[PDB]
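Novice: got a structure for you, letters missing:
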Ligand SMILES: OC[C@H]1O[C@H](O[C@H]2[C@H](O)[C@@H](O)[C@@H](O)O[C@@H]2CO)[C@H](O)[C@@H](O)[C@@H]1O
Ligand SMILES: *[C@@H]1O[C@H](CO)[C@@H](O)[C@H](O)[C@H]1NC(C)=O
Ligand SMILES: *[C@@H]1O[C@H](CO)[C@@H](O)[C@H](O)[C@H]1NC(C)=O
């Protein structure tokens, strides 16, 4: 498990920029 | 609380450091430049900073040990610092490494902080080399109305050296990166160290409730023969006239106590309108022999990052001891999960010491109590995005019309990033933005200009869509 993987996941799908 | 304001500096630093000495460096700066420097020491400043910086407020400069700074940088809250190599060469390379995060320097190192054993030479002319001898020493001292040892049991910084001695660690480092799946208290060594602490308490050689104030008062009044503390404590001991020494921490199972070493560092708030002033102050006033001396005269920094002044300080045996304990310890990781680690260990130690949990139960819950802290590291602020938006829409007005030949996609703000006019068929790219802490700013965002001078639309909703998926993949 790497340091960015613990964070809540920011949406990057459709309906984002 | 003094407010952020162009043409002045506001500095936060912990109330156990020489904040009045730092303010004197500020007065020298103001004398030369006309720029006022205000130094404050709010409680829990290391917890407060991200939330106030997230809305564009907070101090221009924040001082803390480097272990907090990765969390702040991952949230986009710290300015990159950019000292020249000549300046970098004035500080020890290990101190710069403590403040290097995702490839960037994110603070200026100031002091190298390690705990030492502090002892009353009149009660105890030959301090114990081992933790294991302390119970018998306490028995001997209690017959004289004294005790062997009192130190802060409420903050895990102070108990950590014993826990780490025979195998405790925060996170495994391997293949160039930390593995955060386990906190390193799930080993026999960590358990043995915490068990030794708990046993001291069960056997009445220490009291679970002892904190920084209680321990300090007892040592400085000559009631206890030893304490464990850092160099910031030395001023008050000088005032008390106890005849004290500063020495290597005791060993445990033959292994050195292994303090977690902090590099007291100064970060620049990403939101500051005074970044250049802050750089000038830190490089050219504070990080000089005269600047550090002014702070040191208020409360000792201990060992420092600046080579020229450290070489002078290390003539003092107390400083040589601080460095010996530092070299027998471990530099803290700077990763965002360090705060989670500390919160978990805090609870485990208080719970085990007090008998609220067994040692085994307390260390088991440290794993899940650490993980419980992870979502709270998601602190974000809108300022960078909004500055980038404003810049984008301005630049789209001012740039001359496209002078290439053929169909192309128009200049546009996609919501997070700015794009120029792009030829048909080109996959444009730029670095991922640092708005969200699950984003890696060394990864790339792509935006496809299709065959007709039309930007790519996501097929799920047929809306123009830049591709941020590599920013937080895996
Ligand atoms: O107890 C956990 C706490 O430990 C360290 O804080 C130290 C700090 O480094 C020193 O400068 C001194 O002020 O005492 C503090 C302990 O009270 C970590 O730096 C900190 O993040 C952590 O929460
Ligand atoms: C692209 O920009 C040009 C010049 O600003 C404008 O005339 C044209 O209508 C725009 N096209 C689209 C598809 O928005
Ligand atoms: C976004 O980029 C990733 C990485 O190149 C790629 O796997 C994915 O197919 C792209 N998505 C779209 C819809 O373009």
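Specialist: Arrived safely, thanks for sending. Residues are numbered from 1 along each chain as shown, chains lettered A, B, ... in the order given. Ligands and ions are numbered 1, 2, ... in the order given.
Novice: just the helices in the stretch 1-150 of chain B please.
Specialist: Using DSSP state H, counting those that start in this stretch, the helices of the stretch 1-150 of chain B run over B:19-33, B:45-54, B:69-74, B:85-88, B:93-98, B:134-142.
Novice: using CSV, lay out those helices together with distance to ligand 3 and mean neighbour count.
Specialist: (Each C-beta comes from the backbone N, C-alpha and C, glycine too.) Listed next are the helices of the stretch 1-150 of chain B as CSV, based on distance: least, C-beta to the nearest ligand atom, whole Å; neighbours: other C-beta atoms under 10 Å in any protein chain shown:
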stretch, distance to ligand 3, mean neighbour count
helix B:19-33, 48, 17
helix B:45-54, 29, 19
helix B:69-74, 22, 26
helix B:85-88, 36, 10
helix B:93-98, 32, 18
helix B:134-142, 59, 17
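Novice: how about these in CSV, adding distance to ligand 1?
Specialist: Formatted as CSV, the helices of the stretch 1-150 of chain B follow (distance: least, C-beta to the nearest ligand atom, whole Å):
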stretch, distance to ligand 1
helix B:19-33, 12
helix B:45-54, 6
helix B:69-74, 10
helix B:85-88, 23
helix B:93-98, 11
helix B:134-142, 22
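Novice: neighbours of residue B:245, just the number please.
Specialist: Neighbourhood size, residue B:245 [other C-beta atoms under 10 Å in any protein chain shown]: 17.
Novice: same question for residue B:395.
Specialist: Residues near residue B:395, counting by other C-beta under 10 Å: 13.
Novice: got a list of what it touches?
Specialist: Residue B:395 makes contacts with B:411, B:418, as judged by C-beta atoms under 8 Å, 6 or more residues apart in numbering or on different chains.
Novice: tell me the SS of it?
Specialist: helix (DSSP: H, G, I helix; E, B strand; the rest coil).
Novice: then residue B:360?
Specialist: helix.
Novice: pull the contacting residues for it.
Specialist: residue B:191.
Novice: next one: residue B:241 from residue B:222, what distance?
Specialist: 9 Å (C-beta to C-beta, to the nearest Å).
Novice: okay, those two: which has more neighbours?
Specialist: Taking other C-beta under 10 Å, residue B:241 and residue B:222 do not tie; residue B:222 has more neighbours (15 against 9).
Novice: chain neighbours aside, what residue packs nearest to the more buried one?
Specialist: Excluding its sequence neighbours, the residue lying closest to residue B:222 (C-beta to C-beta, 6 or more residues apart in numbering or on different chains) is residue B:242, at 5.9 Å.
Novice: tell me who's in contact with that neighbour.
Specialist: B:120, B:122, B:219-220, B:222.
Novice: name whatever forms a beta bridge with residue B:409.
Specialist: residue B:422 (DSSP bridges).
Novice: nearest to ligand 1: which residue in the stretch 301-450 of chain B?
Specialist: residue B:342 (4.1 Å; C-beta to the nearest ligand atom).
Novice: tally up the residues packed near that residue, please.
Specialist: Counted with other C-beta under 10 Å, residue B:342 comes out at 22.
Novice: tell me which element the residue nearest to residue B:222 falls in.
Specialist: Counting by DSSP states H and E, no helix or strand carries residue B:242.
Novice: for residue B:235, see how far away it is.
Specialist: 13 Å.
Novice: the residue of the stretch 301-450 of chain B closest to ligand 1 belongs to a helix?
Specialist: Yes: applying three-state DSSP, one finds residue B:342 inside a helix.
Novice: from residue B:229, how far off is residue B:20?
Specialist: Computed as C-beta to C-beta, the residue B:20 to residue B:229 distance reads 20 Å.
Novice: should've said residue B:67
Specialist: In terms of C-beta to C-beta, residue B:67 sits 18 Å off from residue B:229.
Novice: now do residue B:79
Specialist: Where residue B:229 is concerned, residue B:79 sits at a distance of 32 Å (C-beta to C-beta).
Novice: now swap in residue A:12 and tell me
Specialist: Distance from residue A:12 to residue B:229, by C-beta to C-beta: 48 Å.
Novice: related to what we said a few turns ago, in contact with the residue of the stretch 301-450 of chain B closest to ligand 1, which residues?
Specialist: Going by C-beta under 8 Å, 6+ apart, the list of residues near residue B:342 reads B:67, B:156-157.
Novice: show me what from chain B comes close to ligand 1.
Specialist: By C-beta under 6 Å from any ligand atom, the part of chain B that sits against ligand 1 consists of B:14, B:16, B:46, B:65, B:67-68, B:113, B:155-157, B:262, B:264, B:342.
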